[PDB]
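One structure is given here, and the rest of the page talks about it.
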Amino acid sequence: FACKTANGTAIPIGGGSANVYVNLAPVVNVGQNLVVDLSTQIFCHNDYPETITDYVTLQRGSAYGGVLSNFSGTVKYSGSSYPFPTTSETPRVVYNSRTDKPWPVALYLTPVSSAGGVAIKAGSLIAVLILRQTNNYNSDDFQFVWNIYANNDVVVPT
Ligand SMILES: OC[C@H]1O[C@H](Oc2ccc(-c3ccccc3)cc2)[C@@H](O)[C@@H](O)[C@@H]1O
């Protein structure tokens with residue numbers, strides 16, 4: 001089991017970490033969602049589906065910088081919504097193919113009432129998402145750590 005980003009940055013068998021730089025909607029109003037869809041950014045696969053089944057969860061999702069200070073968050077994992085920053089490990093998504101399958105993670109961030117102006121700074125860390133991978137074959141329990149950075153400023157009109 002291993003993962004890679006859209007630009008081809010890989011995290012190999014055994015886990016590790018990678019930086020993910022994402023484009024954000026430049027203008028987000030109060031009452032609207034800023035959507036950070038990682039399913040277009042992160043792809044994983046099973047290296048031995050003939051014999052092994054892989055289990056993948058969002059173990060933990062943390063908010064940083066402007067997202068932590070200026071947004072109320074929800075994370076959608078494989079069709080279900082949970083608080084973001086997270087309060088528990090999600091259910092599993094099964095990986096049973098050698099063909100790449102997106103990691104079905106999306107952040108839904110809406111501005112808090114106090115937000116206004118540059119709510120996210122370009123180049124700043126906005127989130128850390130931990131993909132936890134196990135299986136039905138051995139004792140492997142690996143973390144794939146995804147550090148999410150903003151490519152641009154995000155303004156909340158006042
Ligand atoms: O995706 C599946 C797994 O791929 C890796 O582990 C193994 C472990 C054993 C074998 C193997 C076993 C018998 C004969 C030949 C190869 C192949 C892969 C490792 O990533 C792991 O966590 C992940 O569940």
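Residue numbers start at 1 in each chain; chains themselves are named A, B, ... in the order of the structure tokens; ligands are numbered from 1 in the order shown.
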Near-ligand residues for ligand 1, threshold 9 Å, only C-alpha atoms and all ligand atoms, as a ChimeraX atom specification = /A:1-2,12-15,45-49,51-55,95-98,133-142
inquiry  = According to DSSP computed on the backbone, where in chain A is there alpha helix (DSSP H)? Give the residues as a ChimeraX atom specification.
reply    = /A:65-70
task = Find the residues near residue 87 in chain A: any atom within 9 Å, counting only C-alpha atoms, skip ones fewer than 4 places away on the same chain, and give them as a PyMOL selection string.
result = chain A and resi 60-61+82-83
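Between residue 11 in chain A and the candidates A:62, A:143, A:99, A:151, the tightest atom-to-atom separation, counting only C-alpha atoms, involves A:143.
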task = Find the spatial neighbours of residue 76 in chain A, counting only C-alpha atoms, within a cut-off of 8 Å - ignore same-chain residues fewer than 5 positions away - and output them as a ChimeraX atom specification.
result = /A:81-82,104-108
Keeping N, CA and C atoms, export the residues of the selection given above as a compact mmCIF listing (two decimals), in the first residue's frame.
```txt
# COMPACT_ATOMS: atom_id res chain seq x y z
N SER A 81 -20.24 13.07 7.03
CA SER A 81 -19.68 14.31 7.57
C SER A 81 -19.33 14.18 9.05
N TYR A 82 -18.23 14.82 9.43
CA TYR A 82 -17.75 14.82 10.81
C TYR A 82 -17.17 16.19 11.15
N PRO A 104 -10.97 9.65 -0.35
CA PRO A 104 -12.20 10.44 -0.42
C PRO A 104 -12.36 11.42 0.75
N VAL A 105 -11.47 12.41 0.82
CA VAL A 105 -11.49 13.42 1.88
C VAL A 105 -11.76 14.81 1.32
N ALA A 106 -12.71 15.51 1.93
CA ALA A 106 -12.99 16.89 1.56
C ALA A 106 -13.31 17.72 2.80
N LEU A 107 -12.70 18.90 2.89
CA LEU A 107 -12.97 19.83 3.98
C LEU A 107 -14.01 20.86 3.56
N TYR A 108 -14.98 21.11 4.43
CA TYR A 108 -15.99 22.14 4.21
C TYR A 108 -15.87 23.21 5.28
```
Contact check, range 51-117 of chain A to range 28-38 of chain A, at most 10 Å, counting only C-alpha atoms, closest pairs as JSON lines:
```
{"residue": "A:67", "atom": "CA", "partner": "A:34", "partner_atom": "CA", "distance": 10.0}
{"residue": "A:71", "atom": "CA", "partner": "A:34", "partner_atom": "CA", "distance": 9.0}
{"residue": "A:72", "atom": "CA", "partner": "A:33", "partner_atom": "CA", "distance": 9.4}
{"residue": "A:73", "atom": "CA", "partner": "A:33", "partner_atom": "CA", "distance": 9.1}
{"residue": "A:74", "atom": "CA", "partner": "A:35", "partner_atom": "CA", "distance": 9.7}
{"residue": "A:75", "atom": "CA", "partner": "A:36", "partner_atom": "CA", "distance": 9.4}
{"residue": "A:76", "atom": "CA", "partner": "A:37", "partner_atom": "CA", "distance": 9.2}
{"residue": "A:102", "atom": "CA", "partner": "A:38", "partner_atom": "CA", "distance": 8.2}
{"residue": "A:103", "atom": "CA", "partner": "A:38", "partner_atom": "CA", "distance": 7.0}
{"residue": "A:104", "atom": "CA", "partner": "A:38", "partner_atom": "CA", "distance": 7.1}
{"residue": "A:105", "atom": "CA", "partner": "A:38", "partner_atom": "CA", "distance": 5.4}
{"residue": "A:106", "atom": "CA", "partner": "A:37", "partner_atom": "CA", "distance": 4.2}
{"residue": "A:107", "atom": "CA", "partner": "A:36", "partner_atom": "CA", "distance": 4.9}
{"residue": "A:108", "atom": "CA", "partner": "A:35", "partner_atom": "CA", "distance": 4.9}
{"residue": "A:109", "atom": "CA", "partner": "A:34", "partner_atom": "CA", "distance": 4.9}
{"residue": "A:110", "atom": "CA", "partner": "A:33", "partner_atom": "CA", "distance": 4.6}
{"residue": "A:111", "atom": "CA", "partner": "A:30", "partner_atom": "CA", "distance": 5.3}
{"residue": "A:112", "atom": "CA", "partner": "A:30", "partner_atom": "CA", "distance": 7.2}
{"residue": "A:113", "atom": "CA", "partner": "A:30", "partner_atom": "CA", "distance": 7.2}
{"residue": "A:114", "atom": "CA", "partner": "A:30", "partner_atom": "CA", "distance": 9.6}
{"residue": "A:115", "atom": "CA", "partner": "A:30", "partner_atom": "CA", "distance": 8.0}
{"residue": "A:116", "atom": "CA", "partner": "A:30", "partner_atom": "CA", "distance": 8.7}
```
Spatial neighbours of residue 148 in chain A, max dist 8 Å, only C-alpha atoms, sep filter under 3 positions, as number ranges by chain = A: 19-22, 125-129
Output file for the selection above: N, CA, C and O atoms, as a PDB file, in the first residue's frame:
```
ATOM      1  N   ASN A  19       3.939  17.098   1.546  1.00  0.00           N
ATOM      2  CA  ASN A  19       3.283  18.397   1.506  1.00  0.00           C
ATOM      3  C   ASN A  19       2.352  18.474   0.309  1.00  0.00           C
ATOM      4  O   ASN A  19       2.712  18.063  -0.795  1.00  0.00           O
ATOM      5  N   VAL A  20       1.153  18.997   0.541  1.00  0.00           N
ATOM      6  CA  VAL A  20       0.146  19.123  -0.503  1.00  0.00           C
ATOM      7  C   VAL A  20      -0.269  20.585  -0.620  1.00  0.00           C
ATOM      8  O   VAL A  20      -0.825  21.159   0.315  1.00  0.00           O
ATOM      9  N   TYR A  21       0.000  21.171  -1.781  1.00  0.00           N
ATOM     10  CA  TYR A  21      -0.289  22.577  -2.028  1.00  0.00           C
ATOM     11  C   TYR A  21      -1.559  22.695  -2.851  1.00  0.00           C
ATOM     12  O   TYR A  21      -1.639  22.173  -3.963  1.00  0.00           O
ATOM     13  N   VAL A  22      -2.555  23.377  -2.292  1.00  0.00           N
ATOM     14  CA  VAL A  22      -3.880  23.422  -2.892  1.00  0.00           C
ATOM     15  C   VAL A  22      -4.317  24.840  -3.233  1.00  0.00           C
ATOM     16  O   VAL A  22      -4.056  25.787  -2.489  1.00  0.00           O
ATOM     17  N   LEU A 125       0.318  26.837   6.294  1.00  0.00           N
ATOM     18  CA  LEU A 125      -0.258  25.539   6.619  1.00  0.00           C
ATOM     19  C   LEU A 125      -1.698  25.736   7.076  1.00  0.00           C
ATOM     20  O   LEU A 125      -1.959  26.534   7.976  1.00  0.00           O
ATOM     21  N   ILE A 126      -2.627  25.016   6.455  1.00  0.00           N
ATOM     22  CA  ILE A 126      -4.038  25.124   6.811  1.00  0.00           C
ATOM     23  C   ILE A 126      -4.553  23.862   7.492  1.00  0.00           C
ATOM     24  O   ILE A 126      -5.489  23.922   8.288  1.00  0.00           O
ATOM     25  N   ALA A 127      -3.949  22.720   7.184  1.00  0.00           N
ATOM     26  CA  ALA A 127      -4.405  21.470   7.772  1.00  0.00           C
ATOM     27  C   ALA A 127      -3.338  20.386   7.755  1.00  0.00           C
ATOM     28  O   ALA A 127      -2.399  20.422   6.959  1.00  0.00           O
ATOM     29  N   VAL A 128      -3.494  19.435   8.667  1.00  0.00           N
ATOM     30  CA  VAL A 128      -2.719  18.205   8.656  1.00  0.00           C
ATOM     31  C   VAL A 128      -3.700  17.048   8.744  1.00  0.00           C
ATOM     32  O   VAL A 128      -4.475  16.951   9.695  1.00  0.00           O
ATOM     33  N   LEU A 129      -3.676  16.191   7.728  1.00  0.00           N
ATOM     34  CA  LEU A 129      -4.567  15.042   7.664  1.00  0.00           C
ATOM     35  C   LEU A 129      -3.749  13.764   7.765  1.00  0.00           C
ATOM     36  O   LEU A 129      -2.773  13.588   7.033  1.00  0.00           O
TER      37      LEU A 129
END
```
task = Name all residues at most 12 Å from residue 122 in chain A (count only C-alpha atoms; drop same-chain ones fewer than 3 positions away) and give them as a list in words.
result = residues 21, 22, 23, 24, 25, 26, 65, 66, 118, 119, 125, 126, 148, 149, 150, 151, 152, 153, 154 and 155 of chain A
Go ahead and write the selection's residues with N, CA, C and O atoms as a compact mmCIF listing (two decimals), in the first residue's frame.
```txt
# COMPACT_ATOMS: atom_id res chain seq x y z
N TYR A 21 0.00 21.17 -1.78
CA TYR A 21 -0.29 22.58 -2.03
C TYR A 21 -1.56 22.70 -2.85
O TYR A 21 -1.64 22.17 -3.96
N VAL A 22 -2.55 23.38 -2.29
CA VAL A 22 -3.88 23.42 -2.89
C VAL A 22 -4.32 24.84 -3.23
O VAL A 22 -4.06 25.79 -2.49
N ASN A 23 -4.99 24.97 -4.37
CA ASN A 23 -5.60 26.22 -4.76
C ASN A 23 -6.93 26.38 -4.03
O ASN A 23 -7.69 25.42 -3.91
N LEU A 24 -7.18 27.58 -3.52
CA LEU A 24 -8.39 27.87 -2.75
C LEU A 24 -9.19 28.97 -3.43
O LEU A 24 -8.63 29.87 -4.05
N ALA A 25 -10.52 28.91 -3.30
CA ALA A 25 -11.37 29.98 -3.80
C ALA A 25 -10.90 31.30 -3.19
O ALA A 25 -10.81 31.42 -1.97
N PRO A 26 -10.58 32.29 -4.04
CA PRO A 26 -9.98 33.52 -3.51
C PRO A 26 -10.91 34.35 -2.64
O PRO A 26 -10.45 35.00 -1.70
N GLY A 65 -3.38 27.84 11.35
CA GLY A 65 -3.40 29.20 10.84
C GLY A 65 -4.79 29.80 10.70
O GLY A 65 -5.58 29.80 11.64
N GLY A 66 -5.07 30.28 9.50
CA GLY A 66 -6.31 30.98 9.22
C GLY A 66 -7.55 30.11 9.28
O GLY A 66 -8.64 30.59 9.62
N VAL A 118 -8.21 39.17 4.97
CA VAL A 118 -7.40 38.02 4.57
C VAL A 118 -7.51 36.95 5.64
O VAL A 118 -6.84 37.01 6.68
N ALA A 119 -8.36 35.97 5.39
CA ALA A 119 -8.68 34.94 6.37
C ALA A 119 -7.70 33.77 6.29
O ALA A 119 -7.51 33.05 7.27
N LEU A 125 0.32 26.84 6.29
CA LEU A 125 -0.26 25.54 6.62
C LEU A 125 -1.70 25.74 7.08
O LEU A 125 -1.96 26.53 7.98
N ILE A 126 -2.63 25.02 6.46
CA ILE A 126 -4.04 25.12 6.81
C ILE A 126 -4.55 23.86 7.49
O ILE A 126 -5.49 23.92 8.29
N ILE A 148 -1.24 20.06 4.47
CA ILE A 148 -1.95 20.85 3.46
C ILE A 148 -1.61 22.33 3.57
O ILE A 148 -1.80 22.95 4.62
N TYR A 149 -1.11 22.89 2.47
CA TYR A 149 -0.74 24.31 2.40
C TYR A 149 -1.59 25.06 1.39
O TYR A 149 -1.95 24.53 0.34
N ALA A 150 -1.90 26.31 1.71
CA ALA A 150 -2.63 27.19 0.79
C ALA A 150 -1.70 27.75 -0.28
O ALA A 150 -0.60 28.22 0.01
N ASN A 151 -2.15 27.69 -1.54
CA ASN A 151 -1.41 28.29 -2.65
C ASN A 151 -1.66 29.78 -2.78
O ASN A 151 -0.86 30.49 -3.40
N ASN A 152 -2.76 30.26 -2.22
CA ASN A 152 -3.15 31.66 -2.37
C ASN A 152 -3.86 32.22 -1.15
O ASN A 152 -4.27 31.48 -0.26
N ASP A 153 -3.98 33.54 -1.11
CA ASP A 153 -4.77 34.20 -0.08
C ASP A 153 -6.24 33.85 -0.24
O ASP A 153 -6.70 33.58 -1.35
N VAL A 154 -6.97 33.85 0.86
CA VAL A 154 -8.42 33.77 0.83
C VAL A 154 -8.99 34.97 1.57
O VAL A 154 -8.66 35.21 2.73
N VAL A 155 -9.84 35.73 0.88
CA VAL A 155 -10.45 36.92 1.45
C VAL A 155 -11.90 36.66 1.80
O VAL A 155 -12.65 36.10 1.00
```
task = Enumerate the residues of range 90-135 of chain A with a DSSP assignment of strand (DSSP E or B), computed from the backbone, and present them as JSON, numbers by chain.
result = {"A": [93, 94, 95, 101, 102, 105, 106, 107, 108, 109, 110, 111, 117, 118, 119, 120, 125, 126, 127, 128, 129, 130, 131, 132, 133, 134, 135]}
Can I get the selected residues back with N, CA and C atoms, as a tab-separated table (two decimals), in the first residue's frame?
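Ended up saving to out.tsv:
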```tsv
chain	number	residue	atom	x	y	z
A	93	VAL	N	-12.26	2.86	4.87
A	93	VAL	CA	-12.52	2.68	3.45
A	93	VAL	C	-11.63	1.53	3.01
A	94	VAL	N	-12.21	0.57	2.30
A	94	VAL	CA	-11.46	-0.60	1.88
A	94	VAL	C	-10.74	-0.31	0.57
A	95	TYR	N	-9.45	-0.64	0.54
A	95	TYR	CA	-8.67	-0.59	-0.68
A	95	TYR	C	-8.32	-2.00	-1.10
A	101	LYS	N	-7.01	4.74	-6.42
A	101	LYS	CA	-8.33	5.21	-6.03
A	101	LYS	C	-8.13	6.46	-5.17
A	102	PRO	N	-8.91	7.52	-5.43
A	102	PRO	CA	-8.74	8.73	-4.62
A	102	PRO	C	-8.99	8.49	-3.14
A	105	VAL	N	-11.47	12.41	0.82
A	105	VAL	CA	-11.49	13.42	1.88
A	105	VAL	C	-11.76	14.81	1.32
A	106	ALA	N	-12.71	15.51	1.93
A	106	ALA	CA	-12.99	16.89	1.56
A	106	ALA	C	-13.31	17.72	2.80
A	107	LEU	N	-12.70	18.90	2.89
A	107	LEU	CA	-12.97	19.83	3.98
A	107	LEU	C	-14.01	20.86	3.56
A	108	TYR	N	-14.98	21.11	4.43
A	108	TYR	CA	-15.99	22.14	4.21
A	108	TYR	C	-15.87	23.21	5.28
A	109	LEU	N	-15.34	24.36	4.88
A	109	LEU	CA	-14.98	25.43	5.81
A	109	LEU	C	-15.81	26.68	5.54
A	110	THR	N	-16.60	27.10	6.52
A	110	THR	CA	-17.41	28.31	6.40
A	110	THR	C	-16.91	29.37	7.39
A	111	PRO	N	-16.84	30.64	6.95
A	111	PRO	CA	-16.28	31.68	7.84
A	111	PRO	C	-17.07	31.91	9.12
A	117	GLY	N	-11.57	40.05	5.86
A	117	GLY	CA	-10.26	40.39	5.33
A	117	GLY	C	-9.53	39.14	4.88
A	118	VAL	N	-8.21	39.17	4.97
A	118	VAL	CA	-7.40	38.02	4.57
A	118	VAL	C	-7.51	36.95	5.64
A	119	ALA	N	-8.36	35.97	5.39
A	119	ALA	CA	-8.68	34.94	6.37
A	119	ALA	C	-7.70	33.77	6.29
A	120	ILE	N	-7.09	33.58	5.12
A	120	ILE	CA	-6.02	32.59	4.95
A	120	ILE	C	-4.88	33.23	4.17
A	125	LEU	N	0.32	26.84	6.29
A	125	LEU	CA	-0.26	25.54	6.62
A	125	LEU	C	-1.70	25.74	7.08
A	126	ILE	N	-2.63	25.02	6.46
A	126	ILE	CA	-4.04	25.12	6.81
A	126	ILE	C	-4.55	23.86	7.49
A	127	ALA	N	-3.95	22.72	7.18
A	127	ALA	CA	-4.41	21.47	7.77
A	127	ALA	C	-3.34	20.39	7.75
A	128	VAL	N	-3.49	19.43	8.67
A	128	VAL	CA	-2.72	18.20	8.66
A	128	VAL	C	-3.70	17.05	8.74
A	129	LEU	N	-3.68	16.19	7.73
A	129	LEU	CA	-4.57	15.04	7.66
A	129	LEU	C	-3.75	13.76	7.77
A	130	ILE	N	-4.14	12.89	8.68
A	130	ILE	CA	-3.44	11.63	8.89
A	130	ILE	C	-4.24	10.46	8.34
A	131	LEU	N	-3.69	9.83	7.31
A	131	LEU	CA	-4.26	8.62	6.75
A	131	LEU	C	-3.64	7.43	7.47
A	132	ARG	N	-4.48	6.62	8.11
A	132	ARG	CA	-4.01	5.44	8.83
A	132	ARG	C	-4.39	4.18	8.05
A	133	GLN	N	-3.38	3.37	7.75
A	133	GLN	CA	-3.57	2.18	6.92
A	133	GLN	C	-3.20	0.91	7.67
A	134	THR	N	-4.13	-0.04	7.67
A	134	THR	CA	-3.92	-1.36	8.25
A	134	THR	C	-4.34	-2.40	7.22
A	135	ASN	N	-4.35	-3.67	7.60
A	135	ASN	CA	-4.77	-4.73	6.69
A	135	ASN	C	-5.28	-5.97	7.42
```
request  = Would you please work out which residue, of A:56, A:68, A:27, A:63, is nearest to residue 92 in chain A when using only C-alpha atoms?
outcome  =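 Between A:56, A:68, A:27, A:63, the residue approaching residue 92 in chain A most closely is A:56.
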